[PDB]
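Given next are the chains, with one letter for each unit.
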Number of protein chains: 4
Amino acid sequence: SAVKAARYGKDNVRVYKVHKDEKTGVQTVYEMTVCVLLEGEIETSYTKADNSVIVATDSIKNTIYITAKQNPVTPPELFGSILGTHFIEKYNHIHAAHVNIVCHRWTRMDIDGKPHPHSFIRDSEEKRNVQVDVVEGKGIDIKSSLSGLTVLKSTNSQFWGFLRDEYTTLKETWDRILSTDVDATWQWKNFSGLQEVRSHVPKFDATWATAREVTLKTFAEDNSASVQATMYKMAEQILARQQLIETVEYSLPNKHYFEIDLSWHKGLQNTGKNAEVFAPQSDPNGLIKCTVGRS
Amino acid sequence: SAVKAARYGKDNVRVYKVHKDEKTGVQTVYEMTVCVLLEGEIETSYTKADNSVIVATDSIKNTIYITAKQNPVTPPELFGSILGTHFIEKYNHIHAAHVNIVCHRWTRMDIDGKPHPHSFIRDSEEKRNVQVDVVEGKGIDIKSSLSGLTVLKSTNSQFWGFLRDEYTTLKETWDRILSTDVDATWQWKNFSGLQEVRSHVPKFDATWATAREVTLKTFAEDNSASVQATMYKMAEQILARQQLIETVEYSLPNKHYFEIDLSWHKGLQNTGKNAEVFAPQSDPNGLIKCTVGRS
Amino acid sequence: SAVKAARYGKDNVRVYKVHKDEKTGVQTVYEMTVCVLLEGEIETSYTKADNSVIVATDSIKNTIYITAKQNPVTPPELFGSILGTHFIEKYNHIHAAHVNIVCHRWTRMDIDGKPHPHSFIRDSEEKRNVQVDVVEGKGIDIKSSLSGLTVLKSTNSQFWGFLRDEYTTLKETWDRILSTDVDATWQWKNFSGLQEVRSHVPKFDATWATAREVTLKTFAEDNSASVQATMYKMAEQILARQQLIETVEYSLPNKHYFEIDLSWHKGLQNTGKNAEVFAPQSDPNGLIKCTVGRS
Amino acid sequence: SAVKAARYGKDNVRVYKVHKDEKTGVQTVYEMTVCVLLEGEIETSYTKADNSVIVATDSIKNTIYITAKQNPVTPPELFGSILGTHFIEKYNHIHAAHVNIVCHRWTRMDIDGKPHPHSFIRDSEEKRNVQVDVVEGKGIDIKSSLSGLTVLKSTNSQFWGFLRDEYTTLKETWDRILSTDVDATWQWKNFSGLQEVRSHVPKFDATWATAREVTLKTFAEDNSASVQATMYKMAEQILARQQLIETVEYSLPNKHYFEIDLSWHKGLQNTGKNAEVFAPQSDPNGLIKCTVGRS
Ligand SMILES: O=c1[nH]c(=O)c2nn[nH]c2[nH]1
Ligand SMILES: O=c1[nH]c(=O)c2nn[nH]c2[nH]1
Ligand SMILES: O=c1[nH]c(=O)c2nn[nH]c2[nH]1
Ligand SMILES: O=c1[nH]c(=O)c2nn[nH]c2[nH]1
Ligand code: NA
Ligand code: NA
Ligand code: NA
Ligand code: NA
Ligand SMILES: [Xe]
Ligand SMILES: [Xe]
Ligand SMILES: [Xe]
Ligand SMILES: [Xe]
């Protein structure tokens, strides 16, 4: 037997950082969960009980806090690239670092119509994420994403003209509820190293904001022919607005809301045009994915 | 042996309702999870296998959908009272109904600075809840609550002057992070029946909004001496603003964020005035409760 | 306004303890999650910012570890009573302690048909719990429970003869699946203090084992007329076997498994006597409760 | 823009099946959660709103129930292969099916030392899983796994001799607690189609049982030099016992239990040889992975 692949590190490292402006008194907080996994010439820790090649996962944890102390933690694409680069530069025998960051929302409170200097609210479990792979001699690959963005529209969604055979019971519809949890990932062109990542810093927050805005607007305005058709429109627009993105991937559950026939009860009408009360279904759910790239 | 207490019913009934304004084209959605438990002269179903006294839980489920079809579902205090009253009026041998409703957020989307007519976002897992107990001959008791409101302030929280003995290691502090998930419940004076509940309908949404606003403002503005002292200030203000509330209860976790001493690493300073990077603690947590009533 | 009720303390304190037998080499592990909430003359911490009355929740955490170091942690009824008694004896102004303990399963592994001396498996998320209320001058009240015991029987459950009216669609049945998650609580007679709790130590583990055995056997053997009738049989037997229990409470979800009509597809028969494939329903669920005491 | 990859289908389809032996009266139950995603010539549903190419996800759901009705559901490797093959044979334009199955435990109850004919218990949230990829013209690729197997040993784990630098605070140890949740996957050699999968049916359950047994025994008996070294020993043995497996992958969290220094309290000794009470840490955790194949 032989080791074909190996990676190890620290998962679920929660980190908070505060920035304090001395001039204005305004404070800004960041909270993330970080995972770092390393690869390199570490096979002997598995095969020969040779721990000399192991950077202890506890040390990886320490390094995350130290790096957060000495560097900006925003945008997360930059922080992840700094953190990953550290490991390949510091340890001769480590040749790849894989950094995943989940950013949690702390939105500044408005009190009496004014932004509060040091108080924050968690408005939604929506996350902004990055995956950064730093591979020695191959640069820095960054995938940015948003997840946990949950939306619903109550009309202007249709689904008809699908394949009908002996397995089909679904009725065609010209008016249905459409609800999903959006997971959208945009993959950046490969960067040569940290200097190049630094050179593009302003694009990271702007592209996240664009991806979010395009997602929300397209969802709200499309008279949707299917989840497939609407998601494609989203991806197309993101690629058109940021040339440094190579691909956009969406993964969307179709969270079903079923009509409830109440006609058995005093002829009550609650289907088709008369549908007012619906039963949200926890499971099963449709799952629709697509990756869109350039011609 | 004897049956000392018994209740039964249907839990986790998910319900969605849409309202469509024909004039303006605007749609509004409501989504709730409902639980209904009944009590009454049902002991024989337990002791003698006499199912004749059982309103099937499946029928309770049907009744929830039918009631939602025929009545407004907002404010939830009214819907819960209608639903509970139904059971005690319809079934001679049922003498109490206990209705719990959790309302999920579907907030209308703003697209290009304008409210969208039929598209919604789940902004946070904050819930608005009601517990309604309808007891034959004793009226209607309603407890209203908000839960899952998660906040953090990065300064203007202190904790010093507590009891110190041989079990104490905690250092006094004049500047700490304070973060909590707010669970706040206000208990209404007993109502004589549905007519009286209807007469107070406008107060329900207004009091919820007040409770939320007081919670947020007090949290943001109090230079907090402890969770205990700040929560009391919140409860006092709510009672002062709505005379029909008898008690206010708060239950607040104290979600700790620990300083990280980094001085072992090149004398890096990250404690006290120099603290920038902290470690959020998932557990354990303080838990502080109080019920405030009138003199 | 006035403080009507107040309690505070530490929740979610995870504790592990190991016992090492020097003679046999055998090790035994215990793992629990503990919550302690205190009451007493603490109103001024809320109303006047007087922290002098506060035993810090951090100190409560320390006390839990110290008490676990110096005392047996099994049975949990004894440990909870020791822990609660500590607070009312140590602090003059604290008059009640409320201790909740959840015990996690670590079952010794069998390797090659022999018990291993120091290796354990988590066989199920079933928990054994205690709630201990120690109130100065009123003794010690203990509620013991098991929870998270999930069972299913594929036949020998019936449900017919229930009330039928205009809200009823449920068909009577003489053969259905019955599945539930068992939550069973037995409440001990009040104990005068720690000496009396110590005197009954052997009864705690034995009664837990009896409650579990009666639950499982009755579920498996009863040709069940309803959840109500079967649960009553369980409670009756527990009360008959332990005279020091005053009441038994069961709370049981009815986790539904629905027949799937496949007759639309090539006349395939999958209902009634021909039912083989079913759809488990995540929600809604029946919820049936009962508290049984002595005549 | 162009569609680079696309797949869609139904997730979270819960299925239960019962087998009834008419001769013995014994019943056996199976419960699974199934996901099926399809690929093929479906780009136009995304780009042109052409639903004619879409097998509706609702129809995929129906197909899962129909297939479960007409075929054995055990071993899951066989059921997944039947289900996946169906889609590529039935629909000309579908060229790959991806089937994931999670099998839930329903273990027959022992009542009075005898196996009960129709009553079952969920002993642990451990799962047995399969991933089956059926690709037209490329055969059937099957990955089998176990997950959610949670174990702990209280001694006979060491960790010393790791890299020490200016980022390191971790002390070397010759005696620690080791606890993990095991995720183990074995990848079968590619099968040419369903006939070949059928020919190997007996190997599936036997290999699962072997993988489980090797995991448990090695964990219990290894005087572990690290998670890395112990997991390698596990993987090596599995590959030696089943020649039709190409690779074994383990992914193991290192769930930390920290010593608690109590010496500040009356010189109480609870570290090193005197350690009895520990604090389980919910996060962060080490994460160690390895894929082992043949020379
Ligand atoms: O078994 C271990 N492997 C590791 O890589 C490690 N790092 N810290 N502690 C550890 N324990
Ligand atoms: O056992 C049951 N008890 C009930 O009260 C009930 N209601 N519907 N189905 C049921 N099954
Ligand atoms: O606000 C607080 N209240 C308390 O009771 C406490 N105990 N430790 N820290 C604390 N902070
Ligand atoms: O938008 C949809 N896409 C689909 O593929 C599908 N299948 N059933 N319903 C559906 N809705
Ligand atoms: Na390197
Ligand atoms: Na009545
Ligand atoms: Na006292
Ligand atoms: Na095909
Ligand atoms: Xe951070
Ligand atoms: Xe609703
Ligand atoms: Xe413990
Ligand atoms: Xe199944």
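Residues numbered from 1 in each chain as written, not as in the entry; some residues may be left out. Chains lettered and ligands numbered in written order. Heavy atoms only, no water.

## Regarding the site of ligand 3
Stated formally: We call a residue near a molecule or strand when any one of its heavy atoms sits within 4 Å of it. Two N or O atoms count as a polar contact when they lie within 3.5 Å, although within protein this holds only if one can serve as hydrogen donor and the other as acceptor, and sequence-adjacent residues are included solely when both atoms are side-chain atoms. With residues, only the protein chains shown are counted as cover, and all accessible areas are computed by Shrake-Rupley using a 1.4 Å probe. Helix numbering and strand numbering both begin at the N terminus, where a helix is a DSSP run of H or I of at least 4 residues and a strand a DSSP run of E of at least 2. Residues are sorted three ways: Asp, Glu, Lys and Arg are charged, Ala, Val, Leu, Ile, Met, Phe, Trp, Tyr, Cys and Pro are nonpolar, and all the rest, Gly among them, are polar.
In the vicinity of ligand 3, the contacting residues are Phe159, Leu170, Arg176, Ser226, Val227, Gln228 and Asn254 of chain B together with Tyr8, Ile54, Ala56, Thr57 and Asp58 of chain C. More than a single chain frames ligand 3: its nearby residues are located in chains B and C. Backbone polar atom of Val227 of chain B to an oxygen atom of ligand 3: 2.9 Å apart, as the coordinates give it. In this structure, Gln228 of chain B approaches ligand 3 through a side-chain N or O atom, which is 2.9 Å from an oxygen atom. Burial of ligand 3 by the protein chains amounts to 97% of its free accessible area of 270 Å². Elements supplying a minimum of two residues to the shell around ligand 3: α6 (227-241) of chain B together with α2 (57-70) of chain C. Looking at side-chain class alone, the shell around ligand 3 contains 6 nonpolar, 4 polar and 2 charged residues.

## Looking at the relation of the copies chain C and chain A
To be explicit about the condition: Just so you know, the copies are superposed with least squares on the C-alpha atoms alone.
At an RMSD of 0.0 Å, chain C and chain A line up after a rotation of 180° and a shift of 0.0 Å along the axis. Seen this way, the second copy is the image of the first under a two-fold rotation axis. For chain C, the residue whose C-alpha comes nearest the rotation axis is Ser282 of chain C, separated from it by 3.5 Å.

## Things to note about the interface of chain C and chain A
Note the following rule: Working rule for contacts: check all heavy atoms of both residues, and any pair within 4.5 Å makes them a contact. The quantity reported as buried area is the accessible area (1.4 Å probe) lost by two parts once they are put together, taken as the sum for both. We define a salt bridge as a contact between a side-chain nitrogen of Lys or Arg and a carboxyl oxygen of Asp or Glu at a distance within 4 Å.
Between chain C and chain A, the residue contacts involve 8 residues of the former and 8 residues of the latter. Summing the contributions of chain C and of chain A, the shared interface buries around 740 Å²; its carbon and sulfur component is 54%. Taken as a group, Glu166, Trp264 and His265 of chain C account for 48% of the area that chain C buries against chain A, more than any other trio of residues on that side. The interface formed by chain C and chain A holds 0 salt bridges in total. Our count for the contact surface shared by chain C and chain A stands at 4 residue pairs in polar contact.

## Remarks on the coordination of the sodium ion (ligand 7)
Tetrahedral coordination by four donors sets the ideal angle at the metal to 109.5 degrees; octahedral coordination by six donors sets it to 90 or 180 degrees. Residues and elements named next belong to chain C. Test applied: We call an atom a donor if it is N, O or S and sits within 2.8 Å of the metal, or 3.2 Å for Na, K and Ca. Water is not counted, so some sites may look partial. Partly exposed describes any residue whose relative accessible area lies between the buried limit of under 20% and the exposed limit of over 50%, with all areas from a 1.4 Å probe on protein chains only and scaled to the type maximum.
Looking at the sodium ion (ligand 7), one finds its protein donor set to be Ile88 (O), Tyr91 (O), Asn92 (O), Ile94 (O) and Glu136 (OE), positioned 2.6 to 3.2 Å from the metal centre. Mapped onto the polypeptide sequence, the residues donating to the sodium ion (ligand 7) form the spacing pattern I-x2-Y-N-x1-I-x41-E. Linking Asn92 in the loop between α3 (76-90) and β3 (94-104) with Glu136 in the loop between β6 (127-135) and β7 (139-153), this pair joins segments that are 44 residues apart in sequence. Looking at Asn92, the relative accessible area reads 72%, which means it is exposed.

## Let's talk about the interface of chain A and chain D
Where interface size is given, it is often the accessible area lost as the parts come together that is meant. We count it as follows: Should DSSP find at least two bridges between two strands, the strands are regarded as paired.
If you look at the interface, chain A gives 69 residues, while chain D gives 69 residues. Interface area, chain A with chain D, both sides summed: about 5,700 Å², of which 57% is carbon and sulfur. The three residues of chain A that bury the most area against chain D are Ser1, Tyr46 and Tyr167 of chain A, which together make up 13% of that side's buried surface. At the boundary of chain A with chain D, the tally comes to 2 salt bridges. Notably, a salt bridge pairs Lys90 of chain D with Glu166 of chain A, separated by 2.5 Å at the nearest N-O pair. Here chain A is connected to chain D by 42 residue pairs in polar contact. Looking at the side of chain A that touches chain D, the elements that each hand over two or more residues are β1 (2-20), α1 (43-47), α2 (57-70), α3 (76-90), α6 (227-241) and β12 (285-293) of chain A. If one sorts the elements of the side of chain A that touches chain D by residue count, β1 of chain A sits on top with 13 residues. Classifying every residue of the side of chain A that touches chain D by side-chain character gives 30 nonpolar, 25 polar and 14 charged. Examined bridge by bridge, β12 of chain A and strand β1 (residues 2-20) of chain D share 9 bridges and lie antiparallel to one another.

## As for the coordination of the sodium ion (ligand 5)
Summarising the metal site, the sodium ion (ligand 5) is bound by the protein donors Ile88 of chain A (O), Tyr91 of chain A (O), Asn92 of chain A (O), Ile94 of chain A (O) and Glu136 of chain A (OE), whose distances to it range over 2.6 to 3.2 Å. Here the donor residues of the sodium ion (ligand 5) share one chain and are spaced in sequence as I-x2-Y-N-x1-I-x41-E.

## Some thoughts on the site of ligand 4
Lining the immediate environment of ligand 4, one finds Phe159, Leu170, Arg176, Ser226, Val227, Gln228 and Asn254 of chain A together with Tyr8, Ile54, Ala56, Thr57 and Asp58 of chain D. More than one chain reaches ligand 4: its neighbouring residues belong to chains A and D. Taking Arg176 of chain A, its side chain carries an N or O atom lying 2.8 Å from an oxygen atom of ligand 4. Protein contact buries 97% of the 270 Å² of open area that ligand 4 shows by itself. Looking at the shell around ligand 4, the elements that each hand over two or more residues are α6 of chain A together with α2 (57-70) of chain D. Looking at the shell around ligand 4 residue by residue, the class counts come to 6 nonpolar, 4 polar and 2 charged.

## Re the UniProt feature "binding site: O2" in chain A
Heads up, the rule is: UniProt positions are given in the numbering used here, feature names are shortened, and annotations may be inferred rather than shown by experiment.
In the numbering used here, UniProt assigns the feature "binding site: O2" to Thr57 and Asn254 of chain A. In terms of the greatest pairwise C-alpha distance, the residues named above, spread along 198 residues, do not form a single cluster, extending to 39.0 Å across. Within the element layout of this structure, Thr57 of chain A appears in helix α2. Judged by its relative accessible area of 13%, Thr57 of chain A is buried. Leave out the neighbours within four places in its chain, and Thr57 of chain A touches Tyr8, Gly9 and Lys10 of chain A together with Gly286 and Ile288 of chain D. Those residues in contact with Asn254 of chain A, other than ones at most four positions away along the chain, are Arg176, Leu178, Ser179, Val227, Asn285 and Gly286 of chain A.

## Section: the packing of helix α5 (residues 201-221) of chain A against α6 of chain A
All names here are of chain A. Test applied: Only the stretch in contact is used when fitting a helix axis, every axis being a line fitted to C-alpha atoms; angles between N-to-C directions are given from 0 to 180 degrees. Each crossing is labelled by how the near helix is turned from the far one, with a counterclockwise turn of less than a right angle marking it left-handed and a clockwise turn marking it right-handed.
As a packed pair, α5 and α6 sit with axes 9 Å apart at the nearest point and diverge in direction by 145°. In this structure, α5 crosses over α6, and the sense of that crossing is right-handed. For the pair α5 and α6, contact is made by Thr210, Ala211, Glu213, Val214, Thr215, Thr218 and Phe219 and by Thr230, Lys233, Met234, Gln237, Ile238 and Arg241, respectively.

## Overview of unusual backbone geometry
Of note, the bond from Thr74 of chain B into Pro75 of chain B is cis; its omega dihedral lies within 30 degrees of zero at -10°. Secondary-structure assignment places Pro75 of chain B in the loop between α2 (57-70) and α3 (76-90). With an omega dihedral of -10°, the bond running from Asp283 of chain C to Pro284 of chain C counts as a cis peptide bond. Inspection of the secondary structure puts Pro284 of chain C in the loop between β11 (277-280) and β12 (285-293). Of note, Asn156 of chain A is a non-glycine position whose phi angle comes to about 60°, a positive value.

## A short note on the packing of aromatic side chains
Given two aromatic rings, one states the distance between the centres and the angle between the planes to describe the pair. Heads up, the condition is: Between the rings of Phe, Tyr and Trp (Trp by its six-membered ring), a pair exists once the centres lie within 6.5 Å; its type follows the angle of the planes, with under 30 degrees stacked, over 60 edge-to-face, and the other angles tilted. Either the NZ atom of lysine or the CZ atom of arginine qualifies as a charge over a ring when it sits within 6 Å of the ring centre and within 35 degrees of the ring normal.
The final tally for this structure, using the stated rule, is 32 aromatic pairs over all chains. Here the aromatic rings of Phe159 of chain D and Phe162 of chain D are separated by 4.9 Å at their centres, their planes lie at 5°, and the arrangement is stacked. Overall, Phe159 of chain D belongs to the buried group, its relative accessible area being 9%. Grouping aromatic residues by their ring pairs yields a cluster made of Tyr16 of chain A together with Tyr257 and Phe278 of chain B. Of note, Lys153 of chain A hangs over the ring of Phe219 of chain A, and the distance from its end group to the ring centre comes to 5.7 Å. A cation over an aromatic ring shows up here: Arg122 of chain C above the ring of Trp106 of chain C, its NZ or CZ 4.4 Å from the ring centre.

## Quick look at the pairing of strand β8 (residues 178-188) of chain C
Residue and element names in this part refer to chain C. For β8, the tally of buried residues reaches 8 of 11 residues, placing the bulk of the element in the interior. Note: β7 against β8, 9 bridges, orientation antiparallel. Residue pairing in the sheet places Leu149 in a bridge with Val182 of β8. Of the strand pairs in this sheet, β8 and strand β9 (residues 245-254) are connected by 6 bridges, and their pairing is antiparallel. The partner of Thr185 across the bridge, within β9, is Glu249.

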